[PDB]
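Below is my_file_17.tsv, which holds TSV, C-alpha atoms and all ligand atoms.
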chain	number	residue	atom	x	y	z
Q	14	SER	CA	41.18	5.79	-10.46
Q	15	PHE	CA	38.95	8.47	-8.85
Q	16	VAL	CA	41.79	11.02	-9.08
Q	17	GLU	CA	40.68	11.54	-12.70
Q	18	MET	CA	37.42	13.03	-11.43
Q	19	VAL	CA	38.84	15.31	-8.74
Q	20	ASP	CA	38.17	18.97	-9.67
Q	21	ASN	CA	35.97	18.03	-12.65
Q	22	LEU	CA	33.34	20.64	-11.67
Q	23	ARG	CA	33.42	24.38	-12.41
Q	24	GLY	CA	30.94	27.22	-12.25
Q	25	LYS	CA	30.18	30.82	-11.41
Q	26	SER	CA	28.84	31.79	-7.98
Q	27	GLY	CA	25.07	31.29	-7.89
Q	28	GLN	CA	24.92	29.96	-11.47
Q	29	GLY	CA	25.29	26.23	-10.67
Q	30	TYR	CA	28.07	23.63	-10.84
Q	31	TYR	CA	28.70	21.93	-14.16
Q	32	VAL	CA	30.68	18.99	-15.51
Q	33	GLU	CA	31.95	18.51	-19.05
Q	34	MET	CA	30.17	15.87	-21.15
Q	35	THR	CA	30.06	14.64	-24.74
Q	36	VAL	CA	26.98	13.48	-26.64
Q	37	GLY	CA	26.71	11.92	-30.09
Q	38	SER	CA	29.09	10.50	-32.68
Q	39	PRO	CA	31.41	12.29	-33.36
Q	40	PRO	CA	31.42	13.55	-29.75
Q	41	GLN	CA	29.94	17.02	-29.22
Q	42	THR	CA	31.31	18.71	-26.08
Q	43	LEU	CA	28.88	20.47	-23.74
Q	44	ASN	CA	28.96	21.73	-20.16
Q	45	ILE	CA	26.16	20.17	-18.10
Q	46	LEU	CA	24.70	21.39	-14.80
Q	47	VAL	CA	24.88	18.82	-11.98
Q	48	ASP	CA	21.39	18.62	-10.44
Q	49	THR	CA	20.46	16.16	-7.69
Q	50	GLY	CA	17.05	17.87	-7.49
Q	51	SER	CA	15.62	16.47	-10.76
Q	52	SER	CA	15.87	13.39	-12.99
Q	53	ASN	CA	15.96	14.56	-16.64
Q	54	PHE	CA	19.10	14.79	-18.76
Q	55	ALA	CA	18.48	17.70	-21.16
Q	56	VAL	CA	20.68	19.89	-23.36
Q	57	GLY	CA	20.18	22.96	-25.49
Q	58	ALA	CA	19.48	21.72	-29.03
Q	59	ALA	CA	18.36	24.94	-30.76
Q	60	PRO	CA	19.77	28.49	-30.92
Q	61	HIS	CA	19.29	30.66	-27.85
Q	62	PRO	CA	20.70	34.10	-26.95
Q	63	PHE	CA	22.51	32.75	-23.86
Q	64	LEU	CA	23.87	29.59	-25.58
Q	65	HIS	CA	27.35	29.58	-27.10
Q	66	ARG	CA	26.85	26.04	-28.44
Q	67	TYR	CA	24.15	23.37	-28.52
Q	68	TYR	CA	23.49	19.73	-29.37
Q	69	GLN	CA	23.15	19.25	-33.15
Q	70	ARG	CA	21.29	15.97	-33.59
Q	71	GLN	CA	21.69	16.16	-37.38
Q	72	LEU	CA	25.49	15.86	-36.97
Q	73	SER	CA	25.39	12.74	-34.77
Q	74	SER	CA	25.36	9.38	-36.53
Q	75	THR	CA	24.24	7.65	-33.33
Q	76	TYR	CA	21.25	9.91	-32.62
Q	77	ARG	CA	17.89	8.14	-32.35
Q	78	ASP	CA	14.60	10.05	-32.24
Q	79	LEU	CA	12.03	8.77	-29.74
Q	80	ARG	CA	9.10	10.62	-31.40
Q	81	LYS	CA	7.88	11.92	-28.03
Q	82	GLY	CA	7.76	15.43	-26.57
Q	83	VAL	CA	8.77	16.47	-23.06
Q	84	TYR	CA	8.69	19.53	-20.80
Q	85	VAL	CA	10.03	20.12	-17.27
Q	86	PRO	CA	8.77	22.91	-14.93
Q	87	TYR	CA	11.27	23.66	-12.15
Q	88	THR	CA	10.70	25.85	-9.11
Q	89	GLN	CA	12.09	28.63	-11.30
Q	90	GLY	CA	12.49	28.16	-15.03
Q	91	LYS	CA	11.21	25.59	-17.51
Q	92	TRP	CA	11.91	24.13	-20.92
Q	93	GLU	CA	10.37	21.85	-23.53
Q	94	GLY	CA	11.91	19.70	-26.24
Q	95	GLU	CA	12.09	16.39	-28.07
Q	96	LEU	CA	13.10	13.06	-26.54
Q	97	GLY	CA	15.79	10.90	-28.10
Q	98	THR	CA	18.79	8.75	-27.28
Q	99	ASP	CA	22.48	9.06	-28.06
Q	100	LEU	CA	25.91	7.98	-26.80
Q	101	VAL	CA	27.14	9.98	-23.83
Q	102	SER	CA	30.51	10.22	-22.08
Q	103	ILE	CA	32.07	12.17	-19.22
Q	104	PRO	CA	35.67	13.09	-20.20
Q	105	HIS	CA	36.77	13.63	-16.57
Q	106	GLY	CA	34.72	10.71	-15.38
Q	107	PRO	CA	34.64	6.93	-15.68
Q	108	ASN	CA	36.18	5.59	-18.87
Q	109	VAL	CA	32.81	4.50	-20.29
Q	110	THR	CA	30.22	5.40	-22.92
Q	111	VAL	CA	26.50	4.77	-22.45
Q	112	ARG	CA	23.36	5.15	-24.52
Q	113	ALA	CA	21.13	7.49	-22.54
Q	114	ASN	CA	17.89	9.37	-22.77
Q	115	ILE	CA	18.35	12.99	-23.86
Q	116	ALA	CA	15.75	15.74	-24.03
Q	117	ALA	CA	16.74	18.08	-26.87
Q	118	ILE	CA	15.68	21.52	-25.59
Q	119	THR	CA	13.98	23.42	-28.41
Q	120	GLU	CA	12.31	26.10	-26.31
Q	121	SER	CA	12.86	27.43	-22.81
Q	122	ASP	CA	11.75	30.22	-20.46
Q	123	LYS	CA	14.02	31.70	-17.76
Q	124	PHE	CA	16.05	28.48	-17.73
Q	125	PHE	CA	19.43	29.19	-19.33
Q	126	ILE	CA	21.48	31.86	-17.55
Q	127	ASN	CA	23.38	34.51	-19.48
Q	128	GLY	CA	27.11	33.86	-19.11
Q	129	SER	CA	26.78	30.67	-17.05
Q	130	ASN	CA	28.97	28.60	-19.42
Q	131	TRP	CA	26.65	25.55	-19.28
Q	132	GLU	CA	24.28	24.33	-21.98
Q	133	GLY	CA	22.35	21.47	-20.36
Q	134	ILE	CA	21.32	19.81	-17.11
Q	135	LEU	CA	21.98	16.36	-15.64
Q	136	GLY	CA	19.18	15.30	-13.30
Q	137	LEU	CA	20.71	12.78	-10.89
Q	138	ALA	CA	17.58	11.88	-8.87
Q	139	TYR	CA	15.30	8.88	-9.44
Q	140	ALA	CA	12.90	7.90	-12.25
Q	141	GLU	CA	9.87	8.61	-10.06
Q	142	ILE	CA	10.15	12.36	-10.77
Q	143	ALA	CA	11.29	12.13	-14.42
Q	144	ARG	CA	9.20	13.80	-17.11
Q	145	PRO	CA	7.00	12.93	-18.90
Q	146	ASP	CA	6.75	9.94	-16.54
Q	147	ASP	CA	8.86	7.33	-14.70
Q	148	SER	CA	9.36	5.18	-17.79
Q	149	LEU	CA	12.03	7.62	-19.05
Q	150	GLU	CA	15.13	6.11	-17.39
Q	151	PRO	CA	17.44	8.78	-15.87
Q	152	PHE	CA	21.08	9.07	-16.95
Q	153	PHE	CA	22.62	7.54	-13.83
Q	154	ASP	CA	20.31	4.51	-13.94
Q	155	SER	CA	21.44	3.86	-17.54
Q	156	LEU	CA	25.12	4.26	-16.62
Q	157	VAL	CA	24.83	1.73	-13.79
Q	158	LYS	CA	22.81	-0.74	-15.82
Q	159	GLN	CA	25.10	-0.58	-18.90
Q	160	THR	CA	28.53	-0.45	-17.16
Q	161	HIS	CA	30.26	-1.69	-14.00
Q	162	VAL	CA	30.21	1.74	-12.33
Q	163	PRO	CA	29.02	1.13	-8.73
Q	164	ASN	CA	25.62	2.57	-7.83
Q	165	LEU	CA	26.74	5.68	-5.98
Q	166	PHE	CA	28.35	9.07	-6.55
Q	167	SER	CA	29.71	11.78	-4.31
Q	168	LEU	CA	29.74	15.57	-4.60
Q	169	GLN	CA	32.34	17.96	-3.24
Q	170	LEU	CA	30.99	21.47	-3.91
Q	171	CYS	CA	33.53	24.19	-3.06
Q	172	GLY	CA	32.94	27.90	-2.50
Q	173	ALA	CA	35.28	30.63	-3.72
Q	185	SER	CA	35.16	31.33	-9.58
Q	186	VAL	CA	33.79	28.08	-8.03
Q	187	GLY	CA	34.88	24.47	-8.44
Q	188	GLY	CA	34.38	21.00	-7.04
Q	189	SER	CA	34.39	17.29	-7.76
Q	190	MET	CA	31.78	14.75	-8.79
Q	191	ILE	CA	33.17	11.28	-8.08
Q	192	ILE	CA	31.11	8.89	-10.22
Q	193	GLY	CA	31.07	5.40	-8.75
Q	194	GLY	CA	32.65	5.87	-5.34
Q	195	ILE	CA	34.12	7.85	-2.48
Q	196	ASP	CA	37.50	9.59	-2.76
Q	197	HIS	CA	38.98	9.73	0.72
Q	198	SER	CA	41.30	12.64	-0.15
Q	199	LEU	CA	38.24	14.94	-0.39
Q	200	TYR	CA	37.14	14.90	3.26
Q	201	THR	CA	38.29	14.76	6.88
Q	202	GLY	CA	36.80	13.05	9.90
Q	203	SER	CA	34.00	10.52	9.82
Q	204	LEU	CA	31.18	10.12	7.31
Q	205	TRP	CA	27.71	10.27	8.87
Q	206	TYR	CA	24.79	8.69	7.05
Q	207	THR	CA	21.09	9.52	6.91
Q	208	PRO	CA	18.52	7.25	5.21
Q	209	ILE	CA	17.11	8.15	1.84
Q	210	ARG	CA	13.47	8.18	2.93
Q	211	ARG	CA	12.03	7.45	-0.52
Q	212	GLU	CA	13.72	7.14	-3.92
Q	213	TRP	CA	12.28	10.03	-5.90
Q	214	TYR	CA	14.05	13.18	-4.84
Q	215	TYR	CA	16.96	12.55	-2.48
Q	216	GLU	CA	14.52	12.78	0.41
Q	217	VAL	CA	15.83	12.91	3.99
Q	218	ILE	CA	14.31	13.57	7.42
Q	219	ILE	CA	15.41	16.53	9.59
Q	220	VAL	CA	14.79	15.77	13.28
Q	221	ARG	CA	15.96	18.96	15.04
Q	222	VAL	CA	17.05	22.50	14.20
Q	223	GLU	CA	19.22	24.74	16.37
Q	224	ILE	CA	20.50	28.26	15.81
Q	225	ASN	CA	23.57	29.24	17.84
Q	226	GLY	CA	22.81	26.19	20.00
Q	227	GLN	CA	19.20	27.26	20.74
Q	228	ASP	CA	16.51	24.75	19.75
Q	229	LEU	CA	13.86	26.25	17.47
Q	230	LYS	CA	11.42	24.02	19.47
Q	231	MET	CA	9.02	23.31	16.60
Q	232	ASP	CA	7.17	20.12	15.84
Q	233	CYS	CA	9.85	18.32	13.85
Q	234	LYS	CA	7.21	17.56	11.20
Q	235	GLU	CA	7.37	21.28	10.33
Q	236	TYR	CA	10.99	20.81	9.17
Q	237	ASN	CA	9.88	18.18	6.63
Q	238	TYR	CA	6.58	19.68	5.45
Q	239	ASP	CA	5.97	18.43	2.95
Q	240	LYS	CA	9.43	16.90	2.34
Q	241	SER	CA	13.14	17.63	2.75
Q	242	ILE	CA	15.55	17.08	-0.15
Q	243	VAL	CA	19.25	17.37	-0.96
Q	244	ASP	CA	19.40	19.47	-4.13
Q	245	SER	CA	22.67	20.53	-5.80
Q	246	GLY	CA	20.55	22.33	-8.43
Q	247	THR	CA	19.11	24.84	-5.95
Q	248	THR	CA	21.39	27.63	-4.73
Q	249	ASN	CA	19.73	28.51	-1.41
Q	250	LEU	CA	18.60	26.74	1.70
Q	251	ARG	CA	14.82	26.78	1.20
Q	252	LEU	CA	12.62	26.38	4.29
Q	253	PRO	CA	8.87	25.85	4.80
Q	254	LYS	CA	7.05	29.07	5.66
Q	255	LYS	CA	6.76	28.44	9.41
Q	256	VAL	CA	10.39	27.30	9.70
Q	257	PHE	CA	11.61	30.20	7.52
Q	258	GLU	CA	9.86	32.74	9.76
Q	259	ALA	CA	11.35	31.25	12.94
Q	260	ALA	CA	14.85	31.07	11.43
Q	261	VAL	CA	14.83	34.65	10.11
Q	262	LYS	CA	13.54	35.99	13.43
Q	263	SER	CA	16.36	34.21	15.25
Q	264	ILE	CA	19.01	35.33	12.74
Q	265	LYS	CA	17.66	38.91	12.81
Q	266	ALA	CA	17.90	39.12	16.61
Q	267	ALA	CA	21.43	37.69	16.68
Q	268	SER	CA	22.56	40.38	14.20
Q	269	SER	CA	20.36	43.27	15.45
Q	270	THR	CA	23.44	45.43	16.24
Q	271	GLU	CA	23.50	46.10	12.48
Q	272	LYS	CA	20.65	47.32	10.30
Q	273	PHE	CA	19.70	45.61	7.05
Q	274	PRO	CA	16.99	46.64	4.57
Q	275	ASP	CA	13.87	44.48	4.82
Q	276	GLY	CA	14.42	43.44	1.20
Q	277	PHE	CA	17.70	41.88	2.33
Q	278	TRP	CA	15.82	39.20	4.28
Q	279	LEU	CA	13.86	38.40	1.09
Q	280	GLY	CA	16.96	37.65	-1.01
Q	281	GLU	CA	16.45	40.86	-3.05
Q	282	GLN	CA	18.68	43.64	-1.67
Q	283	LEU	CA	22.34	42.96	-0.92
Q	284	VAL	CA	24.11	44.15	2.24
Q	285	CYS	CA	27.67	45.52	2.03
Q	286	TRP	CA	30.56	46.28	4.39
Q	287	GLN	CA	34.03	47.76	4.04
Q	288	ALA	CA	36.35	45.22	2.38
Q	289	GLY	CA	37.36	42.78	5.11
Q	290	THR	CA	35.09	44.13	7.86
Q	291	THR	CA	32.08	41.83	7.44
Q	292	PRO	CA	30.92	41.14	11.05
Q	293	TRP	CA	30.70	37.34	10.74
Q	294	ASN	CA	30.58	36.95	14.53
Q	295	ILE	CA	27.08	38.48	14.74
Q	296	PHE	CA	25.56	35.87	12.41
Q	297	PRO	CA	24.60	32.57	14.06
Q	298	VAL	CA	25.48	29.02	13.01
Q	299	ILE	CA	22.64	26.72	11.95
Q	300	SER	CA	22.67	23.09	13.10
Q	301	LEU	CA	20.53	20.62	11.12
Q	302	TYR	CA	20.05	17.25	12.81
Q	303	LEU	CA	19.44	14.36	10.41
Q	304	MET	CA	18.00	10.93	11.13
Q	305	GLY	CA	20.81	8.43	11.63
Q	306	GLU	CA	21.30	4.76	10.80
Q	307	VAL	CA	20.52	3.24	14.23
Q	308	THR	CA	17.54	3.37	16.56
Q	309	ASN	CA	17.02	6.73	18.29
Q	310	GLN	CA	20.28	8.03	16.76
Q	311	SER	CA	20.79	11.22	14.78
Q	312	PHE	CA	23.75	13.41	13.80
Q	313	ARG	CA	24.13	17.09	13.03
Q	314	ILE	CA	25.70	19.27	10.39
Q	315	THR	CA	26.55	22.83	11.34
Q	316	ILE	CA	26.30	25.64	8.77
Q	317	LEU	CA	28.47	28.77	9.00
Q	318	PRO	CA	27.16	32.24	8.02
Q	319	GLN	CA	29.73	32.25	5.21
Q	320	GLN	CA	27.50	29.58	3.67
Q	321	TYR	CA	24.12	31.33	3.88
Q	322	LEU	CA	25.49	34.84	3.11
Q	323	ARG	CA	26.42	34.32	-0.52
Q	324	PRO	CA	29.01	36.82	-1.80
Q	325	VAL	CA	27.87	38.81	-4.86
Q	326	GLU	CA	29.60	41.25	-7.21
Q	327	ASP	CA	29.41	44.84	-5.90
Q	328	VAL	CA	26.82	46.61	-8.06
Q	329	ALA	CA	28.57	49.97	-7.52
Q	330	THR	CA	32.34	50.53	-7.27
Q	331	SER	CA	33.76	47.11	-6.33
Q	332	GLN	CA	35.23	48.48	-3.08
Q	333	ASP	CA	33.15	46.64	-0.42
Q	334	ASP	CA	32.30	43.02	0.40
Q	335	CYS	CA	28.63	42.49	-0.51
Q	336	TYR	CA	26.39	39.51	0.17
Q	337	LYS	CA	22.92	38.15	-0.55
Q	338	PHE	CA	20.81	36.30	2.06
Q	339	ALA	CA	20.82	32.73	0.71
Q	340	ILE	CA	17.89	31.41	2.78
Q	341	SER	CA	14.48	31.66	1.17
Q	342	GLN	CA	10.93	30.62	1.88
Q	343	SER	CA	9.47	27.46	0.35
Q	344	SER	CA	5.99	26.07	-0.19
Q	345	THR	CA	7.23	22.63	-1.34
Q	346	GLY	CA	9.34	21.58	1.67
Q	347	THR	CA	12.93	22.07	2.83
Q	348	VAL	CA	15.66	22.26	0.19
Q	349	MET	CA	19.25	21.65	1.30
Q	350	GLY	CA	20.74	23.53	-1.64
Q	351	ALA	CA	24.25	24.21	-2.86
Q	352	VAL	CA	25.14	26.64	-0.07
Q	353	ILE	CA	24.35	23.91	2.46
Q	354	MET	CA	26.32	21.25	0.55
Q	355	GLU	CA	29.35	23.54	0.08
Q	356	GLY	CA	32.09	22.68	2.53
Q	357	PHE	CA	30.68	19.17	3.02
Q	358	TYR	CA	31.47	16.00	1.14
Q	359	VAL	CA	28.07	14.51	0.37
Q	360	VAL	CA	27.82	10.85	-0.60
Q	361	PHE	CA	24.71	9.77	-2.54
Q	362	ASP	CA	24.86	6.08	-1.61
Q	363	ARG	CA	22.04	4.86	-3.82
Q	364	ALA	CA	23.08	1.21	-3.33
Q	365	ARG	CA	22.48	1.44	0.42
Q	366	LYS	CA	19.65	4.04	0.28
Q	367	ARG	CA	21.56	6.60	2.32
Q	368	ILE	CA	23.29	9.96	2.07
Q	369	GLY	CA	26.63	10.55	3.79
Q	370	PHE	CA	28.03	13.83	5.11
Q	371	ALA	CA	31.58	14.72	6.12
Q	372	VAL	CA	33.60	17.91	6.47
Q	373	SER	CA	34.97	18.72	3.02
Q	374	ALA	CA	38.64	19.28	2.23
Q	375	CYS	CA	37.50	22.63	0.78
Q	376	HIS	CA	35.80	23.74	3.96
Q	377	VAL	CA	34.53	27.24	4.66
Q	378	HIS	CA	36.95	29.17	6.90
Q	379	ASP	CA	35.79	31.21	9.90
Q	380	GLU	CA	38.40	32.31	12.44
Q	381	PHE	CA	36.86	31.00	15.64
Q	382	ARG	CA	34.06	28.69	14.42
Q	383	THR	CA	34.00	25.74	12.08
Q	384	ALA	CA	31.53	23.86	9.96
Q	385	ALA	CA	31.14	20.39	11.41
Q	386	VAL	CA	29.46	17.00	11.10
Q	387	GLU	CA	29.03	15.56	14.59
Q	388	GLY	CA	27.50	12.52	16.20
Q	389	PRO	CA	26.10	10.47	17.65
Q	390	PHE	CA	23.07	12.18	19.21
Q	391	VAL	CA	20.04	10.58	20.82
Q	392	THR	CA	16.69	11.66	19.36
Q	393	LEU	CA	13.48	9.90	20.33
Q	394	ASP	CA	10.53	9.35	17.98
Q	395	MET	CA	12.46	10.26	14.83
Q	396	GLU	CA	9.88	8.38	12.74
Q	397	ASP	CA	7.26	10.99	13.73
Q	398	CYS	CA	9.24	13.76	11.98
Q	399	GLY	CA	8.35	12.48	8.52
Q	400	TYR	CA	5.39	14.17	6.90
Q	401	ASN	CA	2.60	11.96	5.56
H	501	LIG	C1	11.82	18.95	-12.05
H	501	LIG	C2	11.03	18.59	-10.84
H	501	LIG	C3	11.47	17.23	-10.32
H	501	LIG	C4	11.13	19.66	-9.78
H	501	LIG	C5	10.15	20.64	-9.67
H	501	LIG	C6	10.26	21.63	-8.70
H	501	LIG	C7	11.34	21.64	-7.82
H	501	LIG	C8	12.32	20.66	-7.91
H	501	LIG	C9	13.51	20.66	-6.96
H	501	LIG	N1	14.80	20.79	-7.64
H	501	LIG	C10	14.96	22.11	-8.34
H	501	LIG	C11	16.11	22.05	-9.34
H	501	LIG	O1	15.93	20.92	-10.20
H	501	LIG	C12	16.22	23.32	-10.21
H	501	LIG	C13	17.30	23.11	-11.28
H	501	LIG	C14	17.72	24.35	-12.03
H	501	LIG	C15	16.84	25.03	-12.86
H	501	LIG	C16	17.24	26.17	-13.55
H	501	LIG	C17	18.54	26.63	-13.43
H	501	LIG	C18	19.42	25.95	-12.61
H	501	LIG	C19	19.02	24.82	-11.91
H	501	LIG	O2	20.74	26.25	-12.38
H	501	LIG	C20	21.12	27.59	-12.34
H	501	LIG	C21	21.86	27.79	-11.07
H	501	LIG	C22	21.08	28.65	-10.15
H	501	LIG	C23	20.06	27.88	-9.38
H	501	LIG	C24	18.95	28.78	-8.84
H	501	LIG	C25	17.92	27.96	-8.14
H	501	LIG	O3	18.00	27.77	-6.94
H	501	LIG	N2	16.93	27.40	-8.88
H	501	LIG	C26	16.77	27.60	-10.33
H	501	LIG	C27	15.94	26.57	-8.19
H	501	LIG	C28	14.72	27.38	-7.76
H	501	LIG	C29	15.53	25.36	-9.04
H	501	LIG	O4	14.36	25.19	-9.37
H	501	LIG	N3	16.51	24.51	-9.40
H	501	LIG	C30	12.20	19.68	-8.89

Transcribe the structure of this file into structure tokens.
Amino acid sequence: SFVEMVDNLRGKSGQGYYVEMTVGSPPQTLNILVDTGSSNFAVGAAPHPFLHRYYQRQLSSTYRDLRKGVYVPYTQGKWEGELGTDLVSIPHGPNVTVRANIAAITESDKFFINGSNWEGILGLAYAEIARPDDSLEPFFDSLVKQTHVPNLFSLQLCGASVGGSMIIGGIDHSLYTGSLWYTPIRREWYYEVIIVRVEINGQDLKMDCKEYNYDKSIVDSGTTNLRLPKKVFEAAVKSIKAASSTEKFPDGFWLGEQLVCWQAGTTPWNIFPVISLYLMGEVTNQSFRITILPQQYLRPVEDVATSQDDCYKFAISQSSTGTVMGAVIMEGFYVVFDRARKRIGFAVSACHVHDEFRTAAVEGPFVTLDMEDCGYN
């Protein structure tokens, strides 16, 4: 019965992927951002300029106040509110209702996005990073404990205005091609993984693999860009700059500020390199790689002037809190969050990014010695 969840995600480019949910009795419908980079389920619960609707606790006969405050600071944006519980369902999801923790957002700062069409956020990571502390059980833990939904979910994030699928409880084989390749979840807090090698156009960056995971590497559907530690970011940009030097870009382009444009249909994709990320595998000295096309890390953006040229934003930014494999990395892959077996699977998505001569890929096996040494401690 996973067909009922195919195409249950929508969104606008760069404004996150969201799924429809209901909270309370009678059910109040809200669009909820799908975020594997945090662990709090929170919804707008007070008027806000960018909110078209919000959770009205007074109108829910099943609402229970927990008499406890909460706030969450993200990398960008934050909110505060009041903790409580209520009945929650996913219309295009499993046919179940669960009582879950809900943070009623009463105040926020640079969190909600004008015209995003979502009113809350579903943190799908583990209790260890929940606010105010790990005793506040995350939504997915409650779903698994209260129903028979198996302890895993899979995400198919599709590019172009955007759509995708969140399969709750399993793997839908109609959403991918080829083989699934699995990397261990290093520790159950974020979805933490270990990157063991990085290549750009087949050239090894030749860095200490610890640099790739300093101070951690996570799979984060709630972050748009690929975010890289300072030293790795500098090496990647230098390599990407050289490969595309036949064209000039403003320096602000490489910072994610300015947007580059070309005549409609003349974007020179061939001058931008592919990025291969090698992930620790399931067996001794074995890794696998996922290859990222430039159509993934050059996010298309609405032409500020006369919409007559294809314009893009550089979707790779610098990080001071480790590597983030964000939405642009996940797009075109089918990513399986196999919580039950502490692993994350990758396969080419059925909605894969199309280049003419190159293709996004998930390939293995590879031999990589000393993979354990790549984890930061
Ligand atoms: C909460 C704790 C556990 C924590 C602290 C710091 C970092 C993390 C890692 N995970 C971050 C995500 O949880 C967050 C979600 C989030 C917050 C606000 C808006 C969101 C998603 O959608 C809008 C779509 C556009 C996304 C733009 C974008 O890339 N962002 C807004 C990044 C910068 C980010 O901050 N996204 C987790």

Gap from atom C24 of ligand LIG 501 (chain H) to atom CA of residue 387 of chain Q - Å, one decimal: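 Going from atom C24 of ligand LIG 501 (chain H) over to atom CA of residue 387 of chain Q, I get 28.7 Å.
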
What does the list of residues within 7 Å of ligand LIG 501 (chain H) look like if you count only C-alpha atoms and all ligand atoms, written as a PDB file with C-alpha atoms, in the coordinates of the input?
ATOM      1  CA  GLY Q  27      25.070  31.290  -7.890  1.00  0.00           C
ATOM      2  CA  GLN Q  28      24.920  29.960 -11.470  1.00  0.00           C
ATOM      3  CA  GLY Q  29      25.290  26.230 -10.670  1.00  0.00           C
ATOM      4  CA  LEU Q  46      24.700  21.390 -14.800  1.00  0.00           C
ATOM      5  CA  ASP Q  48      21.390  18.620 -10.440  1.00  0.00           C
ATOM      6  CA  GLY Q  50      17.050  17.870  -7.490  1.00  0.00           C
ATOM      7  CA  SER Q  51      15.620  16.470 -10.760  1.00  0.00           C
ATOM      8  CA  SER Q  52      15.870  13.390 -12.990  1.00  0.00           C
ATOM      9  CA  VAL Q  85      10.030  20.120 -17.270  1.00  0.00           C
ATOM     10  CA  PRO Q  86       8.770  22.910 -14.930  1.00  0.00           C
ATOM     11  CA  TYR Q  87      11.270  23.660 -12.150  1.00  0.00           C
ATOM     12  CA  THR Q  88      10.700  25.850  -9.110  1.00  0.00           C
ATOM     13  CA  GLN Q  89      12.090  28.630 -11.300  1.00  0.00           C
ATOM     14  CA  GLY Q  90      12.490  28.160 -15.030  1.00  0.00           C
ATOM     15  CA  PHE Q 124      16.050  28.480 -17.730  1.00  0.00           C
ATOM     16  CA  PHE Q 125      19.430  29.190 -19.330  1.00  0.00           C
ATOM     17  CA  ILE Q 126      21.480  31.860 -17.550  1.00  0.00           C
ATOM     18  CA  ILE Q 142      10.150  12.360 -10.770  1.00  0.00           C
ATOM     19  CA  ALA Q 143      11.290  12.130 -14.420  1.00  0.00           C
ATOM     20  CA  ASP Q 244      19.400  19.470  -4.130  1.00  0.00           C
ATOM     21  CA  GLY Q 246      20.550  22.330  -8.430  1.00  0.00           C
ATOM     22  CA  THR Q 247      19.110  24.840  -5.950  1.00  0.00           C
ATOM     23  CA  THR Q 248      21.390  27.630  -4.730  1.00  0.00           C
ATOM     24  CA  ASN Q 249      19.730  28.510  -1.410  1.00  0.00           C
TER      25      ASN Q 249
END

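Closest to residue 23 of chain Q among Q:149, Q:307, Q:64, Q:45 is Q:45, based on all atoms listed in the file.
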
What's the 7 Å shell around segment 292-306 of chain Q, counting only C-alpha atoms, without same-chain residues fewer than 3 positions away, as a VMD selection string? chain Q and resid 206 to 208 218 to 225 264 267 to 268 310 to 318 395

If we count all atoms listed in the file and set the cut-off at 6 Å, which residues sit around segment 202-205 of chain Q, ignoring sequence neighbours fewer than 5 positions away in its own chain? Please answer as a PyMOL selection string. chain Q and resi 369-371

What's the 9 Å shell around residue 340 of chain Q, counting only C-alpha atoms, without same-chain residues fewer than 4 positions away, as number ranges by chain? Q: 249-252, 257, 261, 278-280, 321-322
